[PDB]
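Novice: I have a structure I would like to understand better, so I am pasting it below and will then ask my questions one at a time.
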Amino acid sequence: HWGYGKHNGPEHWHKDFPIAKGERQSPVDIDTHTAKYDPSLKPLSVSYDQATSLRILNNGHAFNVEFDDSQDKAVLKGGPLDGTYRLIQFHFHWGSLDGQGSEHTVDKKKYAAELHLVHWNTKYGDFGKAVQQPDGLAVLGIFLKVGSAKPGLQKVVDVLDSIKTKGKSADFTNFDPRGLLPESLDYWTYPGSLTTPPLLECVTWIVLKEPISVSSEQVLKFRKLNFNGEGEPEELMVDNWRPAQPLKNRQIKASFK
Ligand SMILES: CN1/C(=C\CC2=C(NCCCCCCNC(=O)CCc3ccc(S(N)(=O)=O)cc3)/C(=C\C=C3\N(C)c4ccccc4C3(C)C)CCC2)C(C)(C)c2ccccc21
Ligand SMILES: [Hg+2]
Ligand SMILES: [Zn+2]
């Protein structure tokens, strides 16, 4: 089954998931000089005050911090979005080295990592139904660079020992996702897909311009995770990112002048 290695990685995905070569695949390169300021964009609203995290899971490709989405708690609205999208989970993509790891790129620049906060549209009642709709999902993409530590990330960093291998999970209640945001909410937005199989072209991407900084020791701990399950040969969880995909004359719009 799909992974990130030579034999099961991004170049192989299209065989099981034909949509890998579809018309709105993610991620993409954000060419800053081609993106246009869109004044019809309403202000973005990230409301994570009442967020209810439940647990953290190593799924053999990344780790997901999962949220209780059975009520309108953590929500994304405004910006390019109509209506209300509920936070369901977040996860990261990172590299083996600082000079790679992000999925989206900016003028071809790769960040050390990329955080994806995944939200589903509430007109569709649940996640599984949302992912059958062209406007079912909204993903908030935040770049990570290596610099000073991100305090709001350390509770995640502390728990990764508990979930080293594929299939392991740990209690992860009372996590506040607001600690992972940068100061500015300036963003690029384009219509796209999930970046892991089954891919699925149901995402409104909202990619933040301002990266967060995380410490070298924080990202180092991401890199100690395993792709394999307990009692198997060690396959370090690194370079779990899909590279940039053809834009196919979609338009990337900027929230900012
Ligand atoms: C292609 N296509 C369509 C379906 C395709 C399709 C399937 N249909 C169901 C897709 C369900 C996906 C679930 C969510 N996936 C995530 O990854 C979310 C996490 C995540 C979030 C964000 C990020 S990130 N990186 O932040 O972005 C990264 C990860 C497949 C399997 C379905 C199963 N089912 C139902 C059951 C049930 C029980 C057991 C086993 C299964 C399997 C798994 C077999 C596999 C082959 C492709 C449809 C919708 C018909 C469609 C319409 C129009 C055009 C095309 C098209
Ligand atoms: Hg879709
Ligand atoms: Zn992702």
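Residue 4 is where the sequence shown starts when you use full-length UniProt numbering, and the numbers rise one by one after that.
Heads up, the beta-carbon is just placed ideally off N, CA and C, and yes, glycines get one too.
Please classify residue 108: is it buried, with 16 or more other beta-carbons within 10 angstroms of its beta-carbon, or exposed?
Specialist: For the purposes of this step, residue 108 is taken as residue 105 along the sequence shown, with counting starting at 1. Buried, because 16 or more other Cβ atoms sit within 10 Å of the Cβ of residue 108.
Novice: Please give me, in chain order, every unbroken run of the alpha helix (DSSP H) with length at least 4 that falls completely inside the stretch 190 to 234.
Specialist: Correct list: 219 to 225.
Novice: Which residue from 110, 50, 61 puts its Cα closest to that of residue 271?
Specialist: As shown, the chain starts at 4 and ends at 260. That puts residue 271 outside it, with no answer to give.
Novice: Any idea what DSSP makes of residue 255, helix, strand or coil?
Specialist: Translated into positions along the sequence shown, residue 255 becomes position 252. DSSP places residue 255 in coil when its eight states are reduced to three.
Novice: Taking 8 Å as the threshold, find out whether the stretch 180 to 191 comes into contact with the stretch 42 to 50 through three or more Cβ pairs.
Specialist: The stretch 180 to 191, when compared against the stretch 42 to 50, does touch it at the 8 Å Cβ threshold.
Novice: By Cβ distance below 6 Å, which residues in the same chain neighbour residue 170 in space, the five residues on each side in sequence not counted?
Specialist: On the sequence shown, residue 170 is found 167 positions in, with the first residue counted as 1. Closer than 6 Å at Cβ, skipping near neighbours: 232.
Novice: For residue 243 versus residue 7, is the C-beta spacing smaller than 8 Å?
Specialist: On the sequence shown, position 240 is the one that residue 243 refers to. On the sequence shown, position 4 is the one that residue 7 refers to. Yes, these two residues count as a Cβ contact at 8 Å.
Novice: Quickly, what does DSSP pair residue 61 with across the bridge? List them, please.
Specialist: Residue numbering aside, residue 61 sits at position 58 when the sequence shown is read from its first letter. 66.
Novice: Let me make sure I understand the geometry here. Which of 87, 180, 168 has the alpha-carbon closest to that of residue 155?
Specialist: Start at 1 with the first residue of the sequence shown, and residue 155 comes out as number 152. It is 180.
Novice: Could you name each continuous beta strand (DSSP E) segment of 3 residues or more that falls completely within the stretch 72 to 116, going from the start of the chain to the end?
Specialist: 78 to 81, 88 to 97, all fully within the stretch 72 to 116.
Novice: Excluding sequence positions up to five away, which residues of its chain have a Cβ less than 6 Å from the Cβ of residue 142?
Specialist: Along the sequence shown, read from residue 1 onward, the residue named residue 142 stands at position 139. Around residue 142: 119, 121, 206, 208.
Novice: By the DSSP assignment, the beta strand (DSSP E) with residue 49 in it spans what residues?
Specialist: Stepping through the sequence shown from its first residue, residue 49 is reached at position 46. Looking at the DSSP string, the run of the beta strand (DSSP E) that includes residue 49 is 47 to 50.
Novice: At a cut-off of 7 Å, is residue 146 close to ligand 1 when judged by its beta-carbon and the heavy atoms of the ligand?
Specialist: In the sequence shown, the residue the question calls residue 146 occupies position 143. Checking every heavy atom of ligand 1 against the Cβ of residue 146, none is found closer than 7 Å.
Novice: When burial is assigned at 16 or more other CB atoms within 10 Å of the CB, is residue 147 buried or exposed?
Specialist: Within the sequence shown, residue 147 is the residue found at index 144, counting from 1. Buried: at least 16 other Cβ atoms inside 10 Å.
Novice: Could you tell me which of 167, 83, 127 sits nearest to residue 236, measuring between CA atoms?
Specialist: Position 233 of the sequence shown, counted from the first residue, corresponds to residue 236. Of the listed residues, the one whose Cα sits closest to residue 236 is 167.
Novice: By the three-class DSSP mapping on this structure, what secondary structure does residue 156 have?
Specialist: Here residue 156 is taken as the residue at index 153 of the sequence shown, counted from 1. Three-state DSSP puts residue 156 in a helix.
Novice: Pull every residue with its beta-carbon under 7 Å away from any heavy atom of ligand 2, and keep them in chain order.
Specialist: This criterion selects 134, 135, 136, 137, 139, 203, 204, 205.
Novice: Compute the distance between the beta-carbons of residue 71 and residue 125, then report whether it is under 8 Å.
Specialist: Within the sequence shown, numbered from 1, the residue matching residue 71 stands at position 68. Within the sequence shown, numbered from 1, the residue matching residue 125 stands at position 122. The answer is no: Cβ separation not under 8 Å.
Novice: Could you tell me whether the Cβ atoms of residue 69 and residue 96 are closer together than 8 Å?
Specialist: Indexing the sequence shown from 1 puts residue 69 at position 66. Indexing the sequence shown from 1 puts residue 96 at position 93. No. Outside cutoff.
Novice: Consult DSSP for residue 17 and reduce its assignment to one of helix, strand or coil.
Specialist: Taking the sequence shown and counting its residues from 1, one reaches residue 17 at position 14. Three-state result, residue 17: helix.
Novice: My guess is that residue 128 and residue 113 are in contact by the Cβ rule of under 8 Å, so how many angstroms apart are they, rounded?
Specialist: Reading the sequence shown from its first residue, position 125 is the one you call residue 128. Reading the sequence shown from its first residue, position 110 is the one you call residue 113. That belief does not hold up - the Cβ atoms of residue 128 and residue 113 are roughly 37 Å apart, past 8 Å.
Novice: Measuring alpha carbon to alpha carbon, tell me which of 64, 203, 247 ends up nearest residue 132.
Specialist: The count along the sequence shown starts at 1 and reaches residue 132 at position 129. Checked all of 64, 203, 247; the closest Cα to residue 132 is 203.
Novice: Which two residues bound the contiguous beta strand (DSSP E) that contains residue 175?
Specialist: Taking the first residue of the sequence shown as position 1, residue 175 is located at position 172. First-last for residue 175: undefined, no H or E at that position.
Novice: Which residues does DSSP list as the beta-bridge partners of residue 120?
Specialist: Residue numbering aside, residue 120 sits at position 117 when the sequence shown is read from its first letter. Beta-bridge pairing links residue 120 to 93, 143.
Novice: Can you check which of these residues, 89, 215, 161, 195, is closest to residue 247 by C-alpha distance?
Specialist: Locating residue 247 in the sequence shown gives position 244, counting from the first residue. It is 195 whose Cα lies nearest to the Cα of residue 247.
Novice: Could you round the C-beta distance between residue 178 and residue 158 to whole angstroms and report it? I think they count as a contact, below 8 Å.
Specialist: In the sequence shown, the residue the question calls residue 178 occupies position 175. In the sequence shown, the residue the question calls residue 158 occupies position 155. With a Cβ gap of about 6 Å, residue 178 and residue 158 count as contacting.
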